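Peer 1: part one of the complex, left exactly where it sits:
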Amino acid sequence: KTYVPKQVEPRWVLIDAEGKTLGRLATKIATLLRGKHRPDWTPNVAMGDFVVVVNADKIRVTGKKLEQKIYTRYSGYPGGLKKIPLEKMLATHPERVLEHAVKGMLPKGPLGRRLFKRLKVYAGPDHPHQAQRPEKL
Amino acid sequence: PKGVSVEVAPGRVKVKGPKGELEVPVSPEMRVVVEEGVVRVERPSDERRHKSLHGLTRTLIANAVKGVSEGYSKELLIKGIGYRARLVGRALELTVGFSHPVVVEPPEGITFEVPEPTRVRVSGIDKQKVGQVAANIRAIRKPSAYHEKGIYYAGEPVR
Amino acid sequence: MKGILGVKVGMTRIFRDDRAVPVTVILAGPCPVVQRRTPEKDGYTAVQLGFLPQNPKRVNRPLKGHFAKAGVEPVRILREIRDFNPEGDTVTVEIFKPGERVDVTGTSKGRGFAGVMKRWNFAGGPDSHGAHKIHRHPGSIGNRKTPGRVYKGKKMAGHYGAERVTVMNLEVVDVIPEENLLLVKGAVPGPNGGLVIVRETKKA
């Protein structure tokens, strides 16, 4: 009768950012947000790592994406569809790019939201130096 | 390549000379081979995409060297009755036909001069900087397609 | 960026040279700076102006401690002028000289639950040739199965007025330091005896 895991403890990570490809980074990242790397994994629980990214401003991306890759954002209003090119995002709040890229790869349920909080994104590097900062790659 | 001072970095290249010095960002996947009294460039292949990048860095640097070798500059002919330039301080002010007489800023690295109201040269260390500022002035009043007025280069009239 | 609190007293008219000029009398009464707002520890620049004196009977609130931490006479009302760091004391109508121009904020008169007729200056329907139960009504508000809903923003009858209103580029005609009076070109929100802030414009 399959093993159900008990109360674990958060394992904070610290991913870099500079150089890494937007998409390819996100992929790995989420698979940490979900515990899916840890054998003691279970769907209903939610116990993936506390991922922490730094220098997201230095995310690279292939091709003309800097210009072409537009984000949409529909305010409820008429004509309210407001679009925004990748450039403009990185210009302004940059972590924003990496944030959604990941969000869009997390499951769509409530804990999927719970999982999103687990991710701390930045551009510095330097976070609030809590405790665990186990660098990764 | 005499009295020149070439150098190398990840992507760019320096070129020092009597005139000064300039950054010359160049192809990354290209060789900036420096020799004794000469330089050079070598491409990693023979692709259609490679060829184009070679020659560019080839010329690009050579003009960089030439820039501090002597420095570039260009003419400017002011045709038309009223039209006439006047070097005020460092900057060029020139009348032409607008009720307000246009005044032109003196950009850094460039120095223009009015040897005569019907002449304006533009001396500079950068072939690029030279090029724009040249046209900038011509732009102030293109040649009259129906006469012979306003700025001109050393190229034929429009007629 | 000048700024100063006041109260709308009422309005009449004066004659410039030989041509009459309608004017509202703001009263930019003495305002003691009660706290400065710097990026160092606030994140932004501005100045907490105080306005109108107060009997310590209501100020029972530890506000007394706020006024104390700046040695000021406990006022009744205080709001911030943004990006405006004066000198360490008190602003007057004096910040404004005649000929200057000012933007002015106030709380418009409260028109309560408004008819779309007035709230949005609609046009309703015929006083005559029929229907008679739709005179001051809005008429259609959408279309058939598609879209099948109503736009977030649709002008419909509701609370109108008593909102915040800024009116732009009024000229400061006169300024009587004697009794703290600002003289502007009339059109200023709020009713008499109402509170109102006044500041430099954006002609440039």
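Peer 2: Everything's here; your move. Numbering: from 1, shown residues only, chains lettered A, B, ... in the order given.
Peer 1: In a strand, residue B:120, correct?
Peer 2: Yes - assigned with DSSP: H, G, I helix; E, B strand; the rest coil, residue B:120 falls within a strand.
Peer 1: Just list the residues touching it, thanks.
Peer 2: Shown here is residue B:120, whose contacts under the criterion CB atoms under 8 Å, 6 or more residues apart in numbering or on different chains are B:75, B:76, B:78, B:85, B:92, B:94, B:112, B:113, B:114, B:137. Quick note: C-beta positions are derived from backbone N, CA and C, even for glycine.
Peer 1: Could you do residue A:72 as well?
Peer 2: With contacts taken as CB under 8 Å, 6+ apart, residue A:72 has the following neighbours: A:81, A:82, A:83, A:84.
Peer 1: Can you give me the separation between the nearest residue to residue A:41 once chain neighbours are set aside and residue A:49?
Peer 2: Distance criterion CB to CB, 6 or more residues apart in numbering or on different chains; nearest residue to residue A:41, sequence neighbours excluded, is residue A:35 at 4.3 Å. Between residue A:35 and residue A:49 the computed distance is 8 Å (CB to CB, to the nearest Å).
Peer 1: Tell me where the longest helix sits in the chain.
Peer 2: As the question left the chain open, I've gone with chain A. When secondary structure is assigned using DSSP state H, the longest helix within chain A turns out to be helix A:22-33.
Peer 1: try again with chain B
Peer 2: helix B:48-69.
Peer 1: Report all helices and strands that it contacts.
Peer 2: In terms of contacts (3 or more CB pairs under 8 Å, 6 or more residues apart in numbering or on different chains; DSSP states H and E), helix B:48-69 is packed against strand B:14-16, strand B:21-23, helix B:127-140.
Peer 1: change it to 6 Å
Peer 2: strand B:14-16 (3 or more CB pairs under 6 Å, 6 or more residues apart in numbering or on different chains; DSSP states H and E).
Peer 1: could you also fit RNA strand D onto it:
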RNA sequence: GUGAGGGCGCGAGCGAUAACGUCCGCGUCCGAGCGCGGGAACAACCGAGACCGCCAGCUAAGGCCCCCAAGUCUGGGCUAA
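Peer 2: With RNA strand D now in place:
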């Protein structure tokens, strides 16, 4: 009982070498398999015919970067949109 059939492939007429059009022929699936996997979703397209149970196992189509099981697999090309 049935004598409304329907879609798809193919072969013709009609049609305009239109139609989720129509009318026959051969086949097929839905009808009655709106049960199961694939195709995002979807009677009839691909896979397959559910007697019930199992916290076993191989595979079908399809698929193996994350949502989402399983290769960011290996080798040789091409494409810069």
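Peer 1: Re-run the earlier check on the contacts of residue B:120 with RNA strand D in the model.
Peer 2: B:76, B:85, B:114 (CB atoms under 6 Å, 6 or more residues apart in numbering or on different chains).
Peer 1: can you list the residues of chain A near RNA strand D?
Peer 2: On the criterion CB under 7 Å from any atom of the strand, RNA strand D has as its neighbours in chain A the residues A:1-2, A:23-24, A:27-28, A:30-31, A:34, A:36, A:62-63, A:105-108.
Peer 1: any idea which of the residues you listed has the most stuff around it?
Peer 2: Note: the member of the residues of chain A next to RNA strand D with the most neighbours is residue A:30, at 23 neighbours, neighbours being other CB atoms under 10 Å in any protein chain shown.
Peer 1: Surely that one and residue A:103 touch.
Peer 2: No - look at residue A:30 against residue A:103 with CB atoms under 6 Å: they stay out of range, at 9.0 Å.
Peer 1: Could you tell me how many residues sit around the residue nearest to residue B:142 when sequence neighbours are not counted?
Peer 2: Nearest non-adjacent residue to residue B:142, counting by CB to CB, 6+ apart: residue B:150, 6.1 Å away. When neighbours are defined as other CB under 10 Å, residue B:150 has 20 of them.
Peer 1: Residue C:112: what's its closest spatial neighbour, skipping adjacent residues?
Peer 2: Going by CB to CB, 6+ apart, residue C:112 has residue C:159 as its nearest residue, at 6.7 Å.
Peer 1: Strands of the chain, residue ranges please.
Peer 2: Since no chain was named, I'll use chain A. Under the criterion DSSP state E, chain A contains strands at A:70-71, A:84-85.
Peer 1: The chain in question should be chain C.
Peer 2: In chain order, chain C shows strands spanning C:3-16, C:19-27, C:31-37, C:46-53, C:75-82, C:90-91, C:101-107, C:110-113, C:159-161, C:164-176, C:181-184, C:194-200, with DSSP E as the criterion.
Peer 1: most tightly surrounded among these?
Peer 2: Across these, the average number of neighbours (mean count of other CB atoms under 10 Å in any protein chain shown) peaks for strand C:181-184, which reaches a mean of 23.
Peer 1: Sequence for RNA strand E below, add it please:
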RNA sequence: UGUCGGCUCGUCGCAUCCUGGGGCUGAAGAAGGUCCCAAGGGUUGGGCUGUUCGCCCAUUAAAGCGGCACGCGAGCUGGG
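Peer 2: Alright, RNA strand E goes in next:
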């Protein structure tokens, strides 16, 4: 699943009527022709007819076209 027109309220497209920008011109200038970019906002009042449409009067920067069950009758009208 109430059908034309009007009225009220609109909103979206752009194959752009006007204002903005631009190439060409059989563009001297002024004015215009034509194509390209460009919805932000604007796009009048009356006569005739149920009218839509259209003709006409007087103006305009212009008096655009079209989608929204030829938008809109649990909103209105009810001339057809």
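Peer 1: ok RNA strand E is loaded, check what packs on helix B:48-69 again?
Peer 2: Judged by 3+ CB pairs under 6 Å, 6+ apart, the packing partners of helix B:48-69 are strand B:14-16.
Peer 1: Show the contacting residues for residue C:67.
Peer 2: Contacts for residue C:67 were tallied using CB under 6 Å, 6+ apart; they are residue C:74.
Peer 1: wait, I meant residue A:35
Peer 2: Listed by CB under 6 Å, 6+ apart, the contact set of residue A:35 reads A:41, A:47, A:48.
Peer 1: Contacts only, for the residue lying closest to residue C:9 once chain neighbours are set aside.
Peer 2: The spatially closest residue to residue C:9, leaving aside those adjacent along the chain, is residue C:25, at 4.5 Å (CB to CB, 6+ apart). If you count contacts by CB under 6 Å, 6+ apart, residue C:25 has them with C:9, C:10, C:11, C:181.
Peer 1: Can you tell me which of these lies closest to residue B:6?
Peer 2: Ranked by distance to residue B:6 (CB to CB), the contacts of residue C:25 are led by residue C:181 at 74.3 Å.
Peer 1: Would you mind measuring from the closest one to chain A?
Peer 2: Separation of residue C:181 from chain A (CB to the nearest CB, to the nearest Å): 43 Å.
Peer 1: cool, residue C:180 as well?
Peer 2: Noted for residue C:180: a distance of 44 Å to chain A, by CB to the nearest CB.
Peer 1: In space, not sequence, find me the middle residue of chain B.
Peer 2: Per CA atoms, centre = their mean, the C-alpha nearest to the average position across chain B is that of residue B:130, at 2.3 Å.
Peer 1: Then chain A?
Peer 2: The geometric centre of chain A, computed from its C-alpha atoms, lies nearest to residue A:102 (CA atoms, centre = their mean), at 3.9 Å.
Peer 1: what's the neighbour count on the closest residue to it other than its chain neighbours?
Peer 2: Computed as CB to CB, 6+ apart, the closest residue to residue A:102 that is not its neighbour in sequence is residue A:26, at 4.6 Å. Counted with other CB under 10 Å, residues neighbouring residue A:26 total 23.
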